[PDB]
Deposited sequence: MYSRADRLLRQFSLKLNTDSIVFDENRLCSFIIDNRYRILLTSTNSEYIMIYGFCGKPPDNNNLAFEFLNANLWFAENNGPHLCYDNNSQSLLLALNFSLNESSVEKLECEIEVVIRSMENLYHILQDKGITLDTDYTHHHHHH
């Protein structure tokens, strides 16, 4: 009766102790980890969930430095560092395959995104250029 994405998210939700974490009518699910990391999940295909970590909006001119940072994530099997036209913000993107998936694997892929977001605010805070909250 439930799609693999919905069942998996239901486990993630209950594990995190809420009913709230669910895909809405556009297949979007947003939440915050540790009052710090803004995670967006999408399931528009039946085979994978996209995991987006919202890094915030870049300062006033930078884009090449972000492309250069993407070398580091590729070399460490991290998410893609992307820029989104809508929210005009940076985000770390990771395709989570639903094949042979468990709630434990989803949390680790979400953790890879969280560590990578922290990795980004580390190439950026000591280097003196900063992304905002909301």
Open item on the list: Against the full deposited sequence, which stretches does the structure leave out?
Closed with: 62-63, 137-144
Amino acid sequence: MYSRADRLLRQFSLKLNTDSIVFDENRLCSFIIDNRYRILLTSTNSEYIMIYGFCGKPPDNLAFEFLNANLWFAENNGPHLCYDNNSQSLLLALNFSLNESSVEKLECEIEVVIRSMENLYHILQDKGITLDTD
From here on, numbers count along this sequence of modelled residues.
- [ ] Going by the average Cα B-factor in the PDB entry, point out whether 18-26 or 109-117 comes out higher.
- [x] 18-26
TODO: Pick between 99-107 and 71-79: the one whose mean CA B-factor in the entry is higher.
DONE: 99-107
- [ ] Ordered by C-alpha B-factor within the chain, which third holds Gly53? Give me lowest, middle or highest, please.
- [x] lowest
